[PDB]
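>
2 protein chains.
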Amino acid sequence: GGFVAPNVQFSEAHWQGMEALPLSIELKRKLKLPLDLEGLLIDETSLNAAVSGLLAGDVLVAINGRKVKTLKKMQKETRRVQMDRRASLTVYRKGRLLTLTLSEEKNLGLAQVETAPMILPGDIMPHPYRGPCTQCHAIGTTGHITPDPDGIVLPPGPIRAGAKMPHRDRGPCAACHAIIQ
Amino acid sequence: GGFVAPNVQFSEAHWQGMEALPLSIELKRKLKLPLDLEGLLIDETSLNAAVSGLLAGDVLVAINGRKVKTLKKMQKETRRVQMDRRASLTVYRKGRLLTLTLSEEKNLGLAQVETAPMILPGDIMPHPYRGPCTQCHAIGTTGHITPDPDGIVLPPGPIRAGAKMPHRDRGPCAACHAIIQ
Ligand code: HEC
Ligand code: HEC
Ligand code: HEC
Ligand code: HEC
Numbered sequence: 241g242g243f244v245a246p247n248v249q250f251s252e253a254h255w256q257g258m259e260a261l262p263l264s265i266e267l268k269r270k271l272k273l274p275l276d277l278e279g280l281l282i283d284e285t286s287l288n289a290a291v292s293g294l295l296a297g298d299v300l301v302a303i304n305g306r307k308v309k310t311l312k313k314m315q316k317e318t319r320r321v322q323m324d325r326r327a328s329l330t331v332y333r334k335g336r337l338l339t340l341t342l343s344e345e346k347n348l349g350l351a352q353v354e355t356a357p358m359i360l361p362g363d364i365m366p367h368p369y370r371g372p373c374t375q376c377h378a379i380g381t382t383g384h385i386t387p388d389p390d391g392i393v394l395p396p397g398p399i400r401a402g403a404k405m406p407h408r409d410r411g412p413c414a415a416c417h418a419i420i421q
Numbered sequence: 241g242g243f244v245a246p247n248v249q250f251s252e253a254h255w256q257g258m259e260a261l262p263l264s265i266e267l268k269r270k271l272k273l274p275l276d277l278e279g280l281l282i283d284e285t286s287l288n289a290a291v292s293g294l295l296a297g298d299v300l301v302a303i304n305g306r307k308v309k310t311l312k313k314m315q316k317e318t319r320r321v322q323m324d325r326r327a328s329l330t331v332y333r334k335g336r337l338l339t340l341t342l343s344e345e346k347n348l349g350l351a352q353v354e355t356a357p358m359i360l361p362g363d364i365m366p367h368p369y370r371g372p373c374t375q376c377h378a379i380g381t382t383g384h385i386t387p388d389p390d391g392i393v394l395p396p397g398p399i400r401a402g403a404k405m406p407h408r409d410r411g412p413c414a415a416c417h418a419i420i421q
């Protein structure tokens, strides 16, 4: 269960703590950004990228002065300076073109890319239409991990009589727990 | 709005198309895996990692023969062979220790790491208890991108009278669209 189209494109890149995604018209209108703007959207920053001053909602225009309008082009670029400890960040925020340094005490490394997750034939589109489905998704059931862990509930599990309450008052110990005597 | 604890750990790594996450007791019991098992869980495989034979639900025990039980240790490891085009994959699947080659025609690169997303003071835990919150999450409102794009609706937008229907029959053109005459 894994049919992939001959052109599955990249949905995102992760690099020194920033998640980067193509800046679509969907997203440009959704975040009320100018529609001439070319670059990558940064929607999630942690660790080294957040440290460098980089916030979410920011658009990644360039690195080291070279323009990055696509993921493919942004990767190419991280490969170039992957062994460096610093690269420059040209960013678009609130109409200002800011600059930032990104840092790492070993080396920056290559930004790794992702496609949209593999989906089921009968699956429901949770987002506005964007084009034929095989264009971003692989169709099938592998690349799974289904049922998704997060939707599995754990039986709270046996407790000796007079156990100590780790959690808030939730009700009679006997409703959720199997008691031991 | 960004208070981080002096020990924010890694939640995941992405490497040549696999998303890797610490294999917790939560996840070990949730996927009915042996509880002695040490390694990383692989929950999402695409591109180069899926190509190498790697499926989701798989646990990443080792690379090139070196054991990887934590993210920190798995990164260290990708740094080592980051310039190589091939590394070995020791994996745990259904009780079998399989082996796989991972490949890339330029170079593999460094696996990039992520922490749990920054959360709000008043935010609700969507998962079983796991320990104090500052241990995985940064508390605040930056690293935002809120409101989250996905929860913004776009007004379908004006259509000239006699426009052609791109989408299924949804009802009277006048309910959603502003018509032009
Ligand atoms: C056309 C008929 C479809 C169907 C049935 C689906 N998609 Fe997509 N999809 C894309 C990206 C980048 C995401 C992540 C979320 C986002 O940023 O908007 C998604 C998400 C989904 C889901 C949720 C998947 C999950 O694991 O929860 C599902 C069920 C889904 N899609 C089905 C990317 C694209 C495209 C990129 C240009 C196109 C075209 C489509 N999707 C179209 C469809
Ligand atoms: C203790 C009081 C809390 C609160 C309020 C939250 N967390 Fe966590 N969290 C962790 C990871 C790895 C995730 C991703 C999902 C997963 O794999 O299970 C999450 C998710 C959340 C969310 C959803 C966030 C989102 O962007 O949608 C929220 C609101 C949230 N958490 C709040 C990691 C951990 C831990 C790691 C050991 C611990 C401890 C906690 N979380 C505890 C809390
Ligand atoms: C469901 C409505 C519950 C009621 C009522 C009670 N408990 Fe509970 N408990 C429940 C769950 C789902 C869990 C898992 C952890 C979590 O996220 O809350 C627990 C946990 C405990 C523990 C720790 C378990 C462990 O590490 O093995 C103990 C010792 C415990 N609970 C005891 C307890 C007592 C004494 C209660 C009533 C006076 C009680 N629980 C209520 C679910 C529910
Ligand atoms: C809501 C209940 C709707 C009804 C009824 C109709 N339309 Fe629609 N339309 C709607 C949305 C949210 C969108 C965005 C794209 C999507 O994911 O479906 C659209 C799209 C169109 C388009 C393309 C828009 C563009 O690219 O500019 C056209 C030309 C269009 N719709 C026309 C149309 C006609 C003629 C309808 C009734 C006979 C009609 N729509 C119904 C929402 C809804």
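Here the protein sequences line up with chains L and X, keeping their order. Letter by letter, the first sequence follows residues 241 to 421 of this note's numbering. Letter by letter, the second sequence follows residues 241 to 421 of this note's numbering. We put the beta carbon where it would ideally sit given N, CA and C, even for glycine.
#1: Mind pulling the chain L residues with CB within less than 9 Å of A296(X)?
#2: 7 Å is my cut-off, CB to CB: does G279(L) come that close to chain X?
#3: Considering only their Cβ atoms, is the gap separating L281(L) from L263(L) smaller than 7 Å?
#4: How long is the line joining the alpha carbons of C416(L) and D363(X), rounded to whole angstroms?
#5: In chain order, what residues of the segment 242 to 274 of chain L put their CB closer than 8 Å to some CB of chain X?
#6: Cβ closer than 8 Å: which chain X residues qualify as neighbours of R370(L)?
#7: So with Cβ pairs under 7 Å, would you call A290(L) a contact of chain X?
#8: Going along chain L, which residues have a C-beta under 8 Å from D283(X)?
#9: DSSP state of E284(L), grouped into three classes?
#10: Which chain X residues sit within Cβ distance under 8 Å of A327(L)?
#11: Show which residues of chain L have a CB atom less than 7 Å away from the CB atom of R410(X).
#12: Name the chain X residues whose beta carbon is nearer than 9 Å to that of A401(L)?
#13: Go to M314(X), then tell me how far its alpha helix (DSSP H) extends in each direction, as first and last residue.
#14: My assumption, with CB atoms under 8 Å, is that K309(L) sits in contact with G335(L). Please give the rounded CB distance.
#15: Which residues bound the beta strand (DSSP E) around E344(X)?
The answer reads as follows:
#1: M358, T382, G383, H384, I385, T386
#2: no
#3: A contact, by the Cβ cut-off of 7 Å.
#4: If I take the Cα positions, the gap works out to 25 Å.
#5: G242, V248, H254, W255, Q256, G257, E259, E266, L267, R269, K270, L271
#6: Per Cβ cutoff of 8 Å: no residues; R370(L) is ~12 Å from chain X at best.
#7: yes
#8: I385, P389
#9: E284(L) falls in the strand class under three-state DSSP.
#10: Ordered by position in chain X, no residue passes the 8 Å Cβ test against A327(L), which lies about 14 Å from the chain.
#11: In chain order: nothing, as chain L lies at least about 12 Å away.
#12: Within chain X, no residue comes near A401(L); the closest Cβ sits about 22 Å away, beyond 9 Å.
#13: 311 to 320
#14: No, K309(L) and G335(L) are not in contact; Cβ-Cβ is about 19 Å, not under 8 Å.
#15: Careful: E344(X) lies outside any beta strand (DSSP E) and carries neither H nor E.
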